[PDB]
Amino acid sequence: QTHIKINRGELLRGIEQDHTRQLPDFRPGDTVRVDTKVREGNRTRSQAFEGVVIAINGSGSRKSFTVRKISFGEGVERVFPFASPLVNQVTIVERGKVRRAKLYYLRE
Amino acid sequence: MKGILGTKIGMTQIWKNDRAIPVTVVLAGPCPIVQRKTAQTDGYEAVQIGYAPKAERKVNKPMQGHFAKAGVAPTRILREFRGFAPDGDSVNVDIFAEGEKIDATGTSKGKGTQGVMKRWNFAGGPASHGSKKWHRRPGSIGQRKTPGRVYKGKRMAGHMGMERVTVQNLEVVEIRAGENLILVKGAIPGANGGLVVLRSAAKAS
Amino acid sequence: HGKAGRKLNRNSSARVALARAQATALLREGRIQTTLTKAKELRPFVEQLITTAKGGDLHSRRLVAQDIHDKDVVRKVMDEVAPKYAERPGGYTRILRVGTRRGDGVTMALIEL
Amino acid sequence: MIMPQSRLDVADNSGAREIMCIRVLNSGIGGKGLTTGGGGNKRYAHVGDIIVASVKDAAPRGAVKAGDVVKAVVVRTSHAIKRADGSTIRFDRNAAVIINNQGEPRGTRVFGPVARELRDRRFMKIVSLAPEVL
Amino acid sequence: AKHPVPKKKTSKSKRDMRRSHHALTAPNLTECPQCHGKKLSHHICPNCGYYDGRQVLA
RNA sequence: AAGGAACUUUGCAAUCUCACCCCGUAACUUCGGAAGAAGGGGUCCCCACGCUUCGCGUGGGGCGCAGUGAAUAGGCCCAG
RNA sequence: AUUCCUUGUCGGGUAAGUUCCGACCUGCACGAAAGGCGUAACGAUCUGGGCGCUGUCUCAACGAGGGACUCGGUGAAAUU
RNA sequence: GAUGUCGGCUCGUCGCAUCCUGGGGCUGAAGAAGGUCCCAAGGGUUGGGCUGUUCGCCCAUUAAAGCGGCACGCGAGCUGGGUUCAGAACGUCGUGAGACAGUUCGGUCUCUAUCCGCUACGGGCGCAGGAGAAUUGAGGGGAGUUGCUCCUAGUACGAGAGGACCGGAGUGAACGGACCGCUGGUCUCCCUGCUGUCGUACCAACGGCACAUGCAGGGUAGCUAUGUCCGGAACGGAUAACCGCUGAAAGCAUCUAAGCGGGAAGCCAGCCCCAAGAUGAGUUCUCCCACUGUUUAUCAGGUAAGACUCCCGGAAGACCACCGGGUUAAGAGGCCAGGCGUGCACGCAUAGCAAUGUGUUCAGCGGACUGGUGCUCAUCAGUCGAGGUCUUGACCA
Ligand SMILES: CC[C@H]1OC(=O)[C@H](C)[C@@H](OC(=O)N2C=CC[C@@H]2c2ccc(NC(C)=O)cc2)[C@H](C)[C@@H](O[C@@H]2O[C@H](C)C[C@H](N(C)C)[C@H]2O)[C@](C)(OC)C[C@@H](C)C(=O)[C@H](C)[C@H]2NC(=O)O[C@@]21C
Ligand SMILES: [Mg+2]
Ligand SMILES: [Mg+2]
Ligand SMILES: [Mg+2]
Ligand SMILES: [Mg+2]
Ligand SMILES: [Mg+2]
Ligand SMILES: [Mg+2]
Ligand SMILES: [Mg+2]
Ligand SMILES: [Mg+2]
Ligand SMILES: [Mg+2]
Ligand SMILES: [Mg+2]
Ligand SMILES: [Mg+2]
Ligand SMILES: [Mg+2]
């Protein structure tokens, strides 16, 4: 509609960079994702979500990864923004051999 | 009152404290002041601002004169902002401030002809218990012999979208002047690379 | 709305056959007269085949062989045409509009390499 | 997203094994016990929401028996729950914990992990017996 | 029978009135630069077969 | 997605089931039946050995989300 | 498939059951080859329930194809 | 010489004799909870089980789960469960053929809208020259709901139990608009895997067919809700019931007969959207400038400013319209780089008898995404478009 000579790509890339975090290599196979539970009152707690990486999705600010784990007999899937402040550090626990990019079949 | 013209750039994810904020990146570029409208000359108080630069060749003589009378250098868009004065040539610096609630207005992405279901919400009909009128089709357009008419204003299928929409009390999250950028919490109407009009909150809460 | 991008006046199977058929014809003949639209649609697909062939290795041939089922045409594109377009920064294929036909009143056009 | 007719797992040893949603309420919890509804509509129950339910199957021997009309708070959902930082949680099966008109559990134990949202929704006792709070 | 049907014959006036928009638009024919026999804008000249140089046969 | 008959006159419609082999199988009965009851498992590729062949059986190994890998292809039960 | 009063009354099932099953008897107006009562099996019969599954539904979305829309060619109709 | 009939659904709108919210008066009104009457139609008025049901009873909620009109609103909008055709059975009646106050199972609901009306979209001419833009708002429409919690304050009130008005914070539910960043859905050939068979001579590697994707796994842009963001307001002006001020008639008294103030979710304005065909056709800025044509051609013809036609496209769109580009060019395509999707290519080498595995290889492929770049086509042109009526008045040399 307004025909301004603009590279929206870079304008966006510009904003997103001060909100983008690089994490260890990780493609599937196990990860201890140590997250911080600030909300437990005014007190800041520490929890650790460890399980298989089922998906990796997005780029820049929007980049995320999905971790699946069986905890107390019931299945749990958690999705994390790489650049989330409540995420402290992700750590590769054991590298996995996989033939695809999504792993959703592991849900059965 | 206060106002600016810009181009919707896009939507991204940002964090302020620990909370993730959906932001709409807007280029509220420099807006030259092209005409001042006074009660003495125009009968009302307002300002004509301009937005995207136009190649001199592409501009016609009538627009050349109008731009020359203010020594501006052709824009492409020209909008008026009522009860707004501040001297010089309008930029977001001190016009807007982080935290300010604003009223961003654009032109909704137009969706051509749309049925009463998509356009008015409707309900359509049964998918199975014997139809002909399966999903979209409105019901009864009226009554019987009394108003031999169908009510004026009746909700019916038509051209949906490509309309003026003002979204109220949007929060100002970040401002990068010189980069001529302004981040707004939430979604502004219209498509990327479209004209937006950022004004001071119409009636702030 | 409908802000997608490509054409299809037939069904999946056919839309492919047509593109591959007109791609084989232009490369066989060098110039073909067809409906303006069918010509507009053909342009990117054949231009893409020239770039694949510009590789000049087995893999590049076999990739052409996937859309060019005529053995002689694949050799022509591989060893004759792609080489000629070495320094052409992929552009060549041009469209010329001829004019309206009798039976359907359709504006015909030319597509030459 | 739980609506009437939705059958769900019981995350307690109250006696019930499966409850079937009868009604989704506006999940009160203020001083006097559970607060009166925040409307008569309200489509879906999420985690931290209070539902009225019919007990479709119970274990032999235990406080809650089959056919009884009970109140339960949703503790797990297959429908994803979003958080303030932008993270998401989702559980393989949806589950609830039977409560009294005070909002306190009817069983002595909570089974499986529970949504942190129950804590924000002021369900201390439930959170208290929960083996994990994700 | 044939469900909605017209209630009255439409007058000679009425019928012709809807015809106000049927009038064809004559082509914008241009003189050809190198055989002069008229051509359509952006099309190859039918007579000489030129489009700067001669593109088509005859 | 989540939910699963809340649809409705009525699960109308559409899913689910779906072949062959092994295991297994209720009330009731006119002793034939009910029965494909119900329910479970197998199914591809290679190699070795055994055998009645197109083959099949044991054993070890391989690959994919998935092996009647596409097509043909029972949903079942209780009571009147 | 017979009951007017009638959604009879108690029980079952359901969160909730004008239907359905079971008793009861007050059979408007059952009843013994215009056969009475029962019966395994059979049924594109009719009725009520359950499991399974599902866009029937909350609540609809996206996608495809053929029409509808546009141009060239041919060009009807009931009605008035 | 035909005005289709119960119930459902769909879609609405209206009355108020108001179900909820809003304002009041009386109370056998301490407070909290109420009863009753007055004003009040702005919005709102839930999901199920039973029955063809309207109704009604029940479950579970709610601020409330209002009553009625619109051919018992609505079948050229849908259903077809009820009822009223032909079949068949039961109970009853008739000697019978048959019948019903009944009951029961079954049973063809007709592709094309002419006018008016309604939603959307253009073409024409007008608006005293011809043009390109920016507008004022006469008028019109949209919207209008409400809970819970806290604070005030455990205060007023009450012996206690209990427990406020008024004012002030939050936070939801339903509904609406927008939007696609997120979570997801889809994404008919963008990537992979799989079967049978046929073909590219064979092997290897591919292609068709198995759907109008053969099947499976995943999936960008786009579109999307079940996902986000915002919204209903505040202030005001005039009022309703009602509460008062000054106050006679009627030396007193009285809100009323003169005059005055207050006072509702209602009215008018404010918010969002349309709007000068507002023939009462408005305002402002800028441009072009006062051509030429025989008493044969009576006003046509070259033209200006400007636009149209045509081409290439588009988060615009049925068509038309709208926006951009059209070589003085980055408009689209290609091509290059990048993103992203798929997930390790062919070919070779090695290991194994082999099926396969490993390396080369974060590989190969490639729709729609973000830039760059003159390789392709936007070539060449044609059509149209002012020279400004008269009257009166003020200023002018
Ligand atoms: C399919 C096309 C054919 O039309 C037809 O069959 C349709 C279905 C019939 O519709 C109907 O019966 N209904 C339509 C509305 C109600 C009724 C109806 C009523 C009860 C039920 N019950 C259930 C539960 O199902 C079903 C339908 C038509 C329209 C009949 O007309 C209706 O007659 C009623 C007596 C009086 C109605 N009005 C006046 C009130 C009038 O509308 C009729 C008799 O034709 C049968 C006309 C003559 C002209 C013809 O014979 C033409 C030539 C047909 N012949 C041919 O082949 O074409 C046709 C047009
Ligand atoms: Mg995803
Ligand atoms: Mg629907
Ligand atoms: Mg019996
Ligand atoms: Mg038979
Ligand atoms: Mg035609
Ligand atoms: Mg009738
Ligand atoms: Mg009608
Ligand atoms: Mg997505
Ligand atoms: Mg797929
Ligand atoms: Mg007042
Ligand atoms: Mg142009
Ligand atoms: Mg590009």
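Residue numbers (UniProt numbering), protein chains in the order written: chain G, 2 to 109; chain U, 1 to 205; chain D, 3 to 115; chain E, 1 to 134; chain H, 2 to 59.
Cβ atoms here follow ideal geometry from the backbone N, Cα and C, with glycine treated the same way.
From G:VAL99 to E:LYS82, what distance separates their C-alpha atoms?
-> Numbered from 1 along the first sequence, position 98 holds the residue referred to as residue 99 of chain G. Numbered from 1 along the fourth sequence, position 82 holds the residue referred to as residue 82 of chain E. Taking the straight line joining both Cα atoms gives about 29 Å.
Chain-ordered neighbours of U:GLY106 on chain D, where CB pairs are closer than 8 Å | In the second sequence, residue 106 of chain U corresponds to position 106, counting from 1. For U:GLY106, none of the residues of chain D pass the 8 Å Cβ criterion, the least Cβ distance being about 16 Å.
Can you give me, in chain order, the residues of the region 105-134 of chain U that have a beta carbon less than 8 Å from any beta carbon in chain D?
-> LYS109, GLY110, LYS111, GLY112
Please confirm if the region 57-65 of chain G is in contact with the region 11-20 of chain U, defined as three or more CB-CB distances below 8 Å between the two stretches.
-> The region 57-65 of chain G, when compared against the region 11-20 of chain U, does touch it at the 8 Å Cβ threshold.
For U:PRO32, which residues from the same chain have a beta carbon less than 6 Å from its beta carbon, with the 5 sequence-adjacent residues on both sides left out?
-> In the second sequence, counting from the first residue as 1, residue 32 of chain U sits at position 32. The answer, listed in chain order, is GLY50, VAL72, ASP89.
Examine ligand 3 and report whether any of its heavy atoms sits within less than 7 Å of the Cβ of U:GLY130.
-> Within the second sequence, numbered from 1, the residue matching residue 130 of chain U stands at position 130. The answer is no for U:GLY130.
Does the region 80-100 of chain E come close enough to the region 79-88 of chain G that 3 or more CB-CB pairs lie under 8 Å?
-> yes
Members of the region 82-102 of chain D that neighbour chain H once the beta carbon cut-off is set at 8 Å = Residues of the region 82-102 of chain D with a C-beta atom less than 8 Å from some C-beta of chain H are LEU98, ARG99, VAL100, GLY101, listed in chain order.
Taking Cβ positions only, does G:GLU17 come closer than 8 Å to chain U?
-> Locating residue 17 of chain G in the first sequence gives position 16, counting from the first residue. Interface residue, yes.
So, helix, strand or coil for G:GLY10, using DSSP?
-> Within the first sequence, residue 10 of chain G is the residue found at index 9, counting from 1. Three-state DSSP puts G:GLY10 in a helix.
Among D:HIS61, D:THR37, D:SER15, which residue has its Cα nearest to the Cα of D:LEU98?
-> Here residue 98 of chain D refers to the residue found at position 96 when the third sequence is read from its first residue. Checked all of D:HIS61, D:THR37, D:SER15; the closest Cα to D:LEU98 is D:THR37.
Option nearest G:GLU109 by Cα separation, candidates G:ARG69, G:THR92, G:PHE73, G:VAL94 = Position 108 of the first sequence, counted from the start, is the residue given in the question as residue 109 of chain G. The shortest Cα separation from G:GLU109 among G:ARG69, G:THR92, G:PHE73, G:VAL94 belongs to G:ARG69.
E:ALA63 and E:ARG17: beta carbons closer than 8 Å?
-> The sequence position of residue 63 of chain E within the fourth sequence is 63, counting from 1. The sequence position of residue 17 of chain E within the fourth sequence is 17, counting from 1. Not closer than 8 Å, so no.
Cβ shell of U:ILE95 (< 7 Å), same chain only, five flanking positions each side left out | Position 95 of the second sequence holds residue 95 of chain U. Hits under 7 Å: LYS2, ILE4.
Ignore the nearest five residues each way along the sequence and tell me which others in U:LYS118's own chain have a CB closer than 6 Å to its CB.
-> Position 118 of the second sequence, counted from the start, is the residue given in the question as residue 118 of chain U. Contacts found: none.
Compute the beta-carbon to beta-carbon distance between D:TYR94 and D:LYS56, rounded to the nearest angstrom, for a pair I have assumed lies under 8 Å.
-> Here the question's residue 94 of chain D lines up with position 92 in the third sequence. Here the question's residue 56 of chain D lines up with position 54 in the third sequence. The beta-carbon distance between D:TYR94 and D:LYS56, rounded to whole angstroms, is 12 Å. This is too long to meet the 8 Å contact definition.
Between which two residues does the beta strand (DSSP E) harbouring D:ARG96 extend?
-> Here residue 96 of chain D corresponds to residue number 94 of the third sequence, with the count starting at 1. From DSSP, the beta strand (DSSP E) with D:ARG96 extends over 96-102.
Proximity winner among E:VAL110, E:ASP49, E:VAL75, relative to residue 145 of chain E (alpha-carbon distances) | With chain E covering 1 to 134 only, the question about residue 145 of chain E has no answer from this structure.
Got a sec? Which residues, its chain only, sit under 7 Å from E:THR108 by beta carbon, not counting five neighbours each side?
-> Within the fourth sequence, numbered from 1, the residue matching residue 108 of chain E stands at position 108. For E:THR108, where only same-chain residues beyond five positions count, the Cβ hits under 7 Å are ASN13.
Is U:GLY124 near ligand 3, in the sense that its beta carbon is under 7 Å from a heavy atom of that ligand?
-> Against the second sequence, residue 124 of chain U aligns to sequence position 124. Yes, the beta carbon of U:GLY124 sits closer than 7 Å to at least one heavy atom of ligand 3.
Taking only the alpha-carbon atoms, compute the straight-line gap between U:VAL91 and U:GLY29 and give it to the nearest angstrom.
-> Counting from 1 along the second sequence, the entry for residue 91 of chain U is found at position 91. Counting from 1 along the second sequence, the entry for residue 29 of chain U is found at position 29. Each residue's Cα considered, the two are about 7 Å apart.
Are the C-beta of E:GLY30 and some C-beta of chain U separated by less than 8 Å?
-> In the fourth sequence, counting from the first residue as 1, residue 30 of chain E sits at position 30. Cβ-Cβ to chain U under 8 Å: no for E:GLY30.
Exposed or buried, which one is H:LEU58 when buried takes at least 16 other CB atoms within 10 Å?
-> As a working note, residue 58 of chain H is residue 57 in the fifth sequence. Under this definition H:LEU58 is an exposed residue.
Grouping DSSP H, G and I as helix and E and B as strand, with all else coil, what is G:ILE16?
-> By one-based count along the first sequence, residue 16 of chain G stands at place 15. DSSP places G:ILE16 in helix when its eight states are reduced to three.
Which class does D:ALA25 belong to by DSSP, given the choice of helix, strand or coil?
-> Here residue 25 of chain D corresponds to residue number 23 of the third sequence, with the count starting at 1. Of the three classes helix, strand and coil, the one that applies to D:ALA25 here is helix, per DSSP.
Coarse secondary structure for U:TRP120, derived from DSSP in three states = Within the second sequence, numbered from 1, the residue matching residue 120 of chain U stands at position 120. Three-state DSSP puts U:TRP120 in a helix.
Beta-carbon neighbours of G:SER72, restricted to chain E and to distances below 9 Å = As a first step, residue 72 of chain G is located in the first sequence; it is residue number 71 there, counting from the start. Within chain E, the residues near G:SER72 are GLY112, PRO113, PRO131, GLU132, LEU134.
Neighbour-count burial assignment, G:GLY52, 16 or more Cβ in a 10 Å radius = As a working mapping, residue 52 of chain G is identified with position 51 in the first sequence. Looking at its Cβ environment, which holds 16 or more other Cβ atoms inside 10 Å, G:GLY52 is buried.
Could you list the residues in the region 63-87 of chain G with a C-beta less than 7 Å from some C-beta on chain E, going in chain order?
-> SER72, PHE73, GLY74, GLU75, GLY76, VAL77, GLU78, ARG79, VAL80, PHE81, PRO82, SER85, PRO86, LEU87
Inter-residue Cα distance where the pair is U:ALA177 and D:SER14 | As a working note, residue 177 of chain U is residue 177 in the second sequence. As a working note, residue 14 of chain D is residue 12 in the third sequence. So the two alpha carbons sit approximately 50 Å from each other.
Whole runs of the beta strand (DSSP E) within the region 67-106 of chain U, excluding any shorter than 3 residues = 78-82
Residues, ordered as in the chain, of the region 168-183 of chain U that lie near chain G by beta-carbon distance below 9 Å = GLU174, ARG176, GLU179, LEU181, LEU183
Stretch pair the region 3-23 of chain D + the region 52-69 of chain U: three plus CB contacts closer than 8 Å = no
Buried or exposed: where does U:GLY6 fall if 16 or more other Cβ atoms within 10 Å of its Cβ makes it buried?
-> For the purposes of this step, residue 6 of chain U is identified with residue 6 of the second sequence, where counting begins at 1. Taking all protein chains in view, the Cβ of U:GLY6 is crowded by 16 or more other Cβ atoms within 10 Å, so the residue is classified as buried.
Cα-Cα separation, D:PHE47 to D:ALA25 | Taking the first residue of the third sequence as 1, we reach residue 47 of chain D at position 45. Taking the first residue of the third sequence as 1, we reach residue 25 of chain D at position 23. The alpha-carbon atoms of D:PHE47 and D:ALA25 are separated by roughly 7 Å.
Tell me, please, whether the CB atom of U:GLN13 is closer than 8 Å to any CB atom in chain G?
-> For the purposes of this step, residue 13 of chain U is identified with residue 13 of the second sequence, where counting begins at 1. Yes, because at least one Cβ of chain G sits closer than 8 Å to the Cβ of U:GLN13.
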